[PDB]
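Take a look at the structure below.
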Amino acid sequence: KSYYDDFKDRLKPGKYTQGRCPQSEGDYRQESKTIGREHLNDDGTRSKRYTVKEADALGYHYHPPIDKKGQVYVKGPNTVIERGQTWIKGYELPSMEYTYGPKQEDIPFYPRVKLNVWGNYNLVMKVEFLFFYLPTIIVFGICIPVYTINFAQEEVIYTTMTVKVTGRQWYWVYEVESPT
Amino acid sequence: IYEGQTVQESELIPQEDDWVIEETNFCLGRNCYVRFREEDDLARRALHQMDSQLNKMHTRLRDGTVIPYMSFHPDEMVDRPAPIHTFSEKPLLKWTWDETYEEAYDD
Amino acid sequence: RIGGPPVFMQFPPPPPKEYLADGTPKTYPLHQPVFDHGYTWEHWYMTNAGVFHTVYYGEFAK
Amino acid sequence: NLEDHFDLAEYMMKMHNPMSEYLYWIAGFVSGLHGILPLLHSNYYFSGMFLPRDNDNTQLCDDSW
Amino acid sequence: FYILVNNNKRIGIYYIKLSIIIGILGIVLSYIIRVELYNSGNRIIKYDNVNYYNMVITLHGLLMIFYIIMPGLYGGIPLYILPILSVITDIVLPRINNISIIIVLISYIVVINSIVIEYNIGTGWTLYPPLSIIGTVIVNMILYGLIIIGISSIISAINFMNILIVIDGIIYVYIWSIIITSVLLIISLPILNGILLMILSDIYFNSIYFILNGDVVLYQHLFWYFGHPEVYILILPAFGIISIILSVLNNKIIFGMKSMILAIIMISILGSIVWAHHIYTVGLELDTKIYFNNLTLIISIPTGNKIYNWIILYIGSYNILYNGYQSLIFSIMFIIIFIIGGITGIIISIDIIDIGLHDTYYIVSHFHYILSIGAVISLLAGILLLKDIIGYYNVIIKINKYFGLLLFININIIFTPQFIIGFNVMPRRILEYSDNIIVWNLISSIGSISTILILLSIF
Amino acid sequence: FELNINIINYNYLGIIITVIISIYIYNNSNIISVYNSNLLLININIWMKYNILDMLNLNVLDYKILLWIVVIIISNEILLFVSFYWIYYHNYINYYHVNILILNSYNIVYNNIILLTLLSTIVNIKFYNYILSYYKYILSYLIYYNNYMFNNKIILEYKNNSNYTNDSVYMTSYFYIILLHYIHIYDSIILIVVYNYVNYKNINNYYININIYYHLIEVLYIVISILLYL
Amino acid sequence: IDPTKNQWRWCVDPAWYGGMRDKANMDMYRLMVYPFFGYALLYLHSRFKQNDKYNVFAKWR
Amino acid sequence: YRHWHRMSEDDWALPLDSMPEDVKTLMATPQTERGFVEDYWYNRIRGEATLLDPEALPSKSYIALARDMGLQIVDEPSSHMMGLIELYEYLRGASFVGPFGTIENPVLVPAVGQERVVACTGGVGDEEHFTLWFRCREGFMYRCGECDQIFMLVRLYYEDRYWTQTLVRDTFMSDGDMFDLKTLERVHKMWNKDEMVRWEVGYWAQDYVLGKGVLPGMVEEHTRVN
Ligand SMILES: CCCCCCCCCCCCCCCCCC(=O)OC[C@H](COP(=O)([O-])OCC(O)COP(=O)([O-])OC[C@@H](COC(=O)CCCCCCCCCCCCCCCCC)OC(=O)CCCCCCCCCCCCCCCCC)OC(=O)CCCCCCCCCCCCCCCCC
Ligand SMILES: CCCCCCCCCCCCCCCCCC(=O)OC[C@H](COP(=O)([O-])OCC(O)COP(=O)([O-])OC[C@@H](COC(=O)CCCCCCCCCCCCCCCCC)OC(=O)CCCCCCCCCCCCCCCCC)OC(=O)CCCCCCCCCCCCCCCCC
Ligand SMILES: CCCCCCCCCCCCCCCCCC(=O)OC[C@H](COP(=O)([O-])OCC(O)COP(=O)([O-])OC[C@@H](COC(=O)CCCCCCCCCCCCCCCCC)OC(=O)CCCCCCCCCCCCCCCCC)OC(=O)CCCCCCCCCCCCCCCCC
Ligand SMILES: CCCCCCCCCCCCCCCCCC(=O)OC[C@H](COP(=O)([O-])OCC(O)COP(=O)([O-])OC[C@@H](COC(=O)CCCCCCCCCCCCCCCCC)OC(=O)CCCCCCCCCCCCCCCCC)OC(=O)CCCCCCCCCCCCCCCCC
Ligand code: HEA
Ligand code: HEA
Ligand SMILES: CCCCCCCC/C=C/CCCCCCCC(=O)OC[C@H](COP(=O)(O)OCCN)OC(=O)CCCCCCC/C=C/CCCCCCCC
Ligand SMILES: CCCCCCCC/C=C\CCCCCCCC(=O)O[C@H](COC(=O)CCCCCCC/C=C/CCCCCCCC)COP(=O)(O)OCCN
Ligand SMILES: [O-][O-]
Ligand SMILES: [Cu+2]
Ligand SMILES: [K+]
Ligand SMILES: [Zn+2]
């Protein structure tokens, strides 16, 4: 089945580009005049006065929430008394169809399974050992060649001719011994 | 290394011959982008988002207990998208030990 | 500490809902367009939903 | 308030003004121009041409164009 | 407000946003290079304007490292999730966090303004004297940016170190990666500031450190003493992200957590004492070269352990879970790509092999595979993993197999030929080249234009 | 109950301080830089005001956080000096045989060591009084006299030296290392000018910071004295 | 002394504990934004002119 | 607790200048209607009036004596609420370690709101597993999917309020016989005579009852320069 067709009705295609009419037709920049919405603009976004120009964190509209007894309003649990016991019924979230749209049917089955863990401690320790020392053996294999080639570069040689090279911007200068 | 909880043979003995592992689906359902309603203003869309949190969901077992959404790290425990103030009450990391004191018990 | 920033506060109720003169509920900008085209495919993917759960995430062509 | 629960609530609730996105893209576009415009200006300053013709600094055949 | 915000999660977003914006200029600079290198002869840069090309490569390197990748991996993701991974509410030093992002922006504006107003010349991102100290004022401006950037990096490092005091949970592997990176900055940055001041002294205060009887090689030691820890500072946060993604998306506990943590610590200790493999061709003493070569190879041992631990995380994961998510693909791609970059690093660690491959495009390809592919993909992978938490939309990147495949194919086309060119040989930091290297340079150029087109598809 | 931390939501000094920094680059007159430096000093003071006001939160970890920050700063100062020592000793092979007059090992080193040791003793007495919840007015003015002599001696030494920064890398390193120490002495003046008695005493991060910083400056000079004068 | 009458400690950010004084100090610096832009823009013009970048076209005409 | 700072001077006693000037109404206000400062001085004035009358103490029952000093008699309900308050306060800056949770004895997770983030680390030794974080919401018996440890949320809630020391006192403490101002005067004359004031709170309190500035030296005591 096509699950999109189930909630097609909720999705009505839009009219304006980006969801707003031109400001001339409707001024969404102004604060809403509706009672209880003085902190919102006409389009529903928070007004600059509420968030910037008169932000409460800056000392505007000072109103301490806590009361004299150091209390704030707290909503209680849904309590039920049955079978000689006081029970609390937890709040279950609404069906995912309401929030997401797809109808919650024909859900693929995914069973409970505990964590996938590597076992056989003895075997695992050897693997960890190899992870460390196999690279180490490779390094040791390279070390001896490295020493040898370094010594070859710096070997003292019985040179018989010298050429002096000077680098300048932007050319090379060569000085050589002229034969007698 | 961790290899699961230790199990004793007696713990595997069933009380009935027809017991099999419960076939409860742990797929939370079918989801997609959270779809808001055009009629809902900023405040009510916030309520809508708070009611679509997967980390508030769980699976109820046959004995009434629930296995919740769980994660290795606490990054998956805040509301999505992350709110300005996340951990108002300090998350509790529960450790277990065998120590006990008499005051906790009564005879 | 008495008088300090509360560790929990209940949300105040949302502001009053707005209706047009004819009674239609007022709509607000919503950046979830319904693109127009002839494609209607629906792709579903089993997704990690923690350590012990999954969710069948669907992508719709529209 | 419920509106203040989420950081950048208007964007996250999909009500933000599109101009914010345009400015972000424009800012990126302007950043890119800082590599192209001085290239053109410097080429003209030292050569009198905004851009070279390919291989114009090398010997070209008679019919090359 | 927008600039006054101290919320760490908001600041984390700003770091990611700013890195993308600056990334465009870095991409433009990178695109200018490959267009010029399409074939022998000038293409978009006049022969009389070769100085501009030197500036392009200098800025491309500087912007990408200090202004794009480092803020993205060390400023962006860490500021968003690190206080969440810890059980704490917000960052320890909120006001310092605000000024750090503002400092990064101001330094960027100074750098780009210098392009527009000053004469355009270049000396490489390493700013080797005496060339750096005989240049024009654009070099002075770039120094101010680096010093200013250094201030932001150090204060941000101080911010993360304070998490140890307040952390109310367990120090996860990711937290360790950020902490150790902060330690590297604390020990390496002051050395960088000292030598940079000496560069300013010669440029602006008539100092004579970098003229005859003053060893110019002195700069290379102090610079690279910070230079190599920097590359490890860039990558270590990427390692932390990969560890989280692989464990989370496979529902597998991180194997050998302590081995991973010790590997990160070991890399930092070794990374602080191997800087001179950047100075093989200068003529160091025989024993000195042997020491650095030997210690440089040892860095592979801890780095190898992390690679193998990552592999076993992916092995054995449930088949039912869909494996085509972009975050998972990028995390797996990192292992494949990093191994290529690291192995080539070991090849050029052998100093005699390096004699032929120093200052060649083989070195370019080496650090591009690690940074341009690996680090970027790790940063992309982390952002994708946190898409729901961050909450961004209006992009098609979460499930886009075309983007992953095309990106992987085309970036490999750019930089695989550069390995081959290194033996041919083509020097780095060069605009013209011999006609017989065109084929490989042409192929990489086709790769560069293709990658830019792919980026437009995400929107 | 209450939240563990009283979050700080907004701040505007960061923008001002960052802009002040930019003014240094965009100046067309060195006079603007002088006045710009005063603005930086003012705004940094405001930031220090916020730290003092945070005491109202009564958070036990605030002292620890600031103390460890200072430790990191101290390390950065040490490593900065290390780089100068590194620069000095790299060219060590070129010293002592060039036709320049290096400094004497009798006059400057001894009086400076004696003078700076007295500075340490004064600060130590301040710490002891801070432990005993006690104050001595004269102590601060001894520091000012100590700093006055140090400034007077260093000014004359530079003016009467017969070799210049451009003569050799040795001279450059001598002048630069000595200047770097002076700047850290001047930073100490910036800190010590506000020393007062505060009645909340051992929960004041300023006292421990001043004691640590003054000790660092003096020990650094011992290293300088051994390297250059002796 | 009453603990519940000090809620301004957490209701108001510390940067504005001073009431109008703190706000006035913030507002004063805000007035300097555009003067700064003109000043900064002049420096760019100064460098641009001194480098003869305005004569790009006149040089080759 | 370890996460608290140093005791303030007010944590021990309040200055007399904070005493409400309308003492006559203060001693007649019901406990539920007294603020923190008013409640402090009501208990101190009434508590010290009974303690500074030695001849009556031996004949006074502990219930009456506790009431006069403002101390709350402990009972299972009040003890339960106070105990969970201190446990919540302790866990603000202390680790959360205890016995393994089972259906009979679930792990108790105190919270003020309807939700609190918790992590399960399994059992002891080998049974300990990697941290598994979950959101513990009210009204569900949570079961760890790995070790099967049982968690439960306990809410410190009562009649649209959350449990506090003052809330417990108001709910359970019952106001006794109204305080008699004659006792204040009688004890005042006992310890305050001919310029000797060994009972100073009563001296101030008696002065306020008589108006203000009536007793010797009180006008000079109340006159301030700034
Ligand atoms: C690397 C690339 C590829 C990356 C791929 C991977 C990406 C993965 C995803 C990454 C996601 C990261 C996390 C994202 C989180 C997002 C959260 C968010 O949205 O926060 C809300 C945040 C704000 O939302 P809000 O909460 O509603 O804010 C309300 C405002 O605060 C208040 O509203 P207001 O209306 O009052 O606003 C005030 C407004 C007032 O507005 C106006 O008045 C507007 C007026 C119109 C102006 C329009 C511009 C005009 C330009 C004219 C040019 C003329 C040229 C002429 C040339 C002539 C040549 C001959 O502005 C101002 O007053 C100040 C503006 C200053 C900033 C803009 C500066 C522009 C550039 C300036 C350049 C100057 C150059 C000078 C050089 C001189 C040198 C000498 O969003 C944004 O800011 C937009 C973000 C958009 C991106 C979101 C992420 C999407 C995913 C990525 C997409 C790809 C992007 C690629 C980069 C761009 C390419 C170009
Ligand atoms: C003893 C001697 C005494 C001497 C005394 C002398 C005194 C001298 C005084 C010296 C100091 C002067 C300055 C004082 C500052 C005072 C601060 C203060 O208290 O402010 C309170 C004040 C509160 O404002 P308000 O009066 O309540 O009204 C605010 C609004 O109502 C609504 O509130 P809001 O805060 O949300 O609104 C602000 C914001 C709201 O608007 C938005 O945010 C727009 C929406 C976002 C769109 C997407 C933007 C891109 C994404 C960026 C992501 C990273 C963001 C990082 C965080 C923000 C960094 C700025 O718009 C802006 O302010 C502009 C935002 C710019 C964002 C830049 C992002 C990157 C751009 C990349 C450009 C790429 C092209 C390259 C070429 C061009 C280079 C320049 O602060 C502000 O909100 C305004 C700050 C304005 C000053 C900013 C100065 C920036 C200078 C930059 C360097 C330029 C130099 C080189 C020039 C080159 C030109 C080409
Ligand atoms: C002949 C000479 C003899 C000389 C003898 C001298 C004797 C000296 C004795 C020293 C004894 C130390 C006692 C204290 C131990 C540490 C306790 C501690 O920190 O308490 C937490 C304490 C917070 O209290 P808390 O509430 O208990 O913390 C709960 C946890 O957060 C909650 O975490 P959790 O419960 O999940 O886990 C607990 C634990 C989890 O972690 C641990 O338990 C780590 C345990 C190992 C630590 C290392 C011990 C030494 C190992 C042997 C090394 C020998 C090298 C020999 C070389 C010889 C060459 C000749 O957490 C921590 O330890 C957190 C702090 C870690 C800071 C690490 C900083 C990087 C340093 C490098 C790491 C160590 C690598 C060792 C070598 C590795 C390769 C084999 O931390 C702080 O107060 C944070 C302050 C941060 C300040 C940062 C700025 C400092 C200045 C930086 C300057 C530059 C530094 C450069 C470093 C370069 C590194 C490569
Ligand atoms: C018949 C008279 C014979 C007099 C012989 C000369 C004696 C002179 C003694 C001068 C000692 C100055 C020591 C300076 C270090 C700071 C002292 C200190 O902490 O004071 C705290 C003291 C009280 O501080 P506080 O915070 O209130 O209380 C802190 C403690 O709780 C409580 O603090 P405390 O009470 O424990 O303080 C103990 C003591 C701690 O210090 C000492 O005990 C150090 C003693 C060092 C002895 C140095 C003698 C130098 C003589 C050299 C002569 C050379 C001649 C060469 C000839 C050449 C021929 C070719 O501090 C003092 O007593 C300082 C001196 C107080 C005098 C203040 C009134 C103004 C100056 C009056 C000078 C009168 C001179 C008359 C000469 C007549 C000769 C016949 O500070 C003050 O009184 C206020 C500031 C003024 C004090 C310094 C005054 C300097 C006067 C110098 C006079 C000698 C000039 C020689 C010139 C030679 C040129 C060639
Ligand atoms: C994130 C950036 C990054 C990272 C991680 C690295 C990592 C490494 N780099 Fe790189 N490097 C750069 C960025 C980076 N580098 C840059 C930008 C330059 C040029 C700067 C300039 O000149 O401008 C550079 C230059 C550079 C040079 C040449 C310097 C010169 O002369 O110009 C060398 C020489 O050895 C080198 C080596 C290494 C090594 C040995 C590693 C190691 O960390 C790699 C280790 C990883 C592996 C080896 C793979 C994983 C391990 C295994 C698969 C198993 C074990 C393997 C073995 C035992 C072989 N780098
Ligand atoms: C992070 C660092 C970084 C990154 C991403 C890149 C990316 C690229 N670089 Fe490189 N490059 C350097 C750092 C970087 N580079 C350095 C340090 C040098 C040495 C400088 C010197 O010579 O002194 C250099 C040198 C260099 C040269 C040699 C110049 C010369 O010597 O003449 C060339 C030539 O083609 C080149 C090409 C490219 C190309 C084609 C890309 C890219 O196009 C590859 C593909 C990438 C994309 C198509 C863009 C993808 C998006 C992003 C990278 C941003 C993402 C942002 C976020 C996620 C927030 N680079
Ligand atoms: C160029 C080289 C550098 C010089 C240029 C300027 C660099 C400016 C950088 C300054 C960094 C300051 C970091 C401070 C970190 C520590 C803060 C700290 O502990 O302060 C608190 C501590 C104690 O306060 P309590 O209320 O008791 O307790 C605090 C809460 N428990 O207070 C202090 O330290 C008091 C400090 C008083 C003196 C302040 C002087 C400020 C000097 C600024 C210098 C700027 C000069 C600029 C020159 C520009 C041109 C060259
Ligand atoms: C109170 C706190 C004090 C802390 C002070 C810390 C001081 C050190 C800070 C770091 C700087 C180190 C000094 C710089 C050393 C440079 C040496 C150098 O470049 O010399 C090489 C030769 O050097 C070597 O052989 C390399 C040795 C490596 C030195 C590394 C020293 C610093 C290491 C810091 C690592 C981080 C800390 C690790 C601590 C322990 C970790 C377990 C050049 O040789 P040639 O040019 O061929 O000349 C030879 C004769 N013509
Ligand atoms: O640098 O590797
Ligand atoms: Cu290196
Ligand atoms: K070319
Ligand atoms: Zn468990």
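Identifiers for the structure tokens are assigned positionally: chains receive A, B, ... in sequence, residues are indexed from 1 per chain, and ligands are indexed from 1 in the order shown.
Close contacts of residue C:27, defined as residues with an atom at most 8 Å away when counting only C-alpha atoms, with chain neighbours fewer than 3 positions off set aside, comprise residues 38, 39, 40 and 41 of chain B.
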Within 7 Å of chain F, which residues of chain G show up when using only C-alpha atoms, listed as a short mmCIF file (atom, residue, chain, number, x, y, z; two decimals) with N, CA and C atoms, in the first residue's frame?
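The resulting selection_27.cif:
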data_model
loop_
_atom_site.label_atom_id
_atom_site.label_comp_id
_atom_site.auth_asym_id
_atom_site.auth_seq_id
_atom_site.Cartn_x
_atom_site.Cartn_y
_atom_site.Cartn_z
N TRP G 10 19.49 35.12 39.30
CA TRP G 10 19.41 34.21 38.17
C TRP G 10 18.41 34.66 37.12
N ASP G 13 20.94 38.50 33.86
CA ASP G 13 22.33 38.15 33.64
C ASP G 13 23.23 39.07 34.45
N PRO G 14 24.39 38.58 34.90
CA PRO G 14 25.27 39.43 35.72
C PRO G 14 25.70 40.70 35.01
N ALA G 15 25.80 40.67 33.68
CA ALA G 15 26.25 41.86 32.96
C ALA G 15 25.28 43.02 33.12
N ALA G 40 36.72 51.98 9.76
CA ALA G 40 37.34 50.79 9.18
C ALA G 40 37.35 50.86 7.67
N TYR G 43 40.25 52.88 6.33
CA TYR G 43 41.55 52.21 6.30
C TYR G 43 41.70 51.37 5.05
#
Name the residues of chain A that come out as strand (DSSP E) in a backbone DSSP run; write them as a ChimeraX atom specification.
/A:78-82,85-89,163-168,171-176
Would you write out, as CSV, a table of all residues in chain G that have an atom no more than 10 Å from an atom of chain C, listing for each the closest atom pair and the distance in Å to one decimal, considering only C-alpha atoms and ordering rows by chain and rising residue number?
residue,atom,partner,partner_atom,distance
G:2,CA,C:3,CA,8.7
G:3,CA,C:3,CA,5.3
G:4,CA,C:3,CA,4.3
G:5,CA,C:3,CA,7.2
G:6,CA,C:3,CA,6.8
G:7,CA,C:3,CA,6.1
G:8,CA,C:4,CA,9.5
G:9,CA,C:4,CA,8.1
G:10,CA,C:5,CA,6.0
G:11,CA,C:5,CA,7.9
Write out as a ChimeraX atom specification which residues come within 7 Å of residue B:88 when counting only C-alpha atoms, dropping same-chain ones fewer than 4 positions away.
/C:7-8 /F:3
Could the residues in this selection be written to a file with C-alpha atoms, as a PDB file, in the first residue's frame?
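This went into selection.pdb:
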ATOM      1  CA  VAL C   7      15.432  22.800  39.009  1.00  0.00           C
ATOM      2  CA  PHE C   8      12.070  22.342  37.268  1.00  0.00           C
TER       3      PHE C   8
ATOM      4  CA  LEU F   3      20.330  24.240  39.407  1.00  0.00           C
TER       5      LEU F   3
END
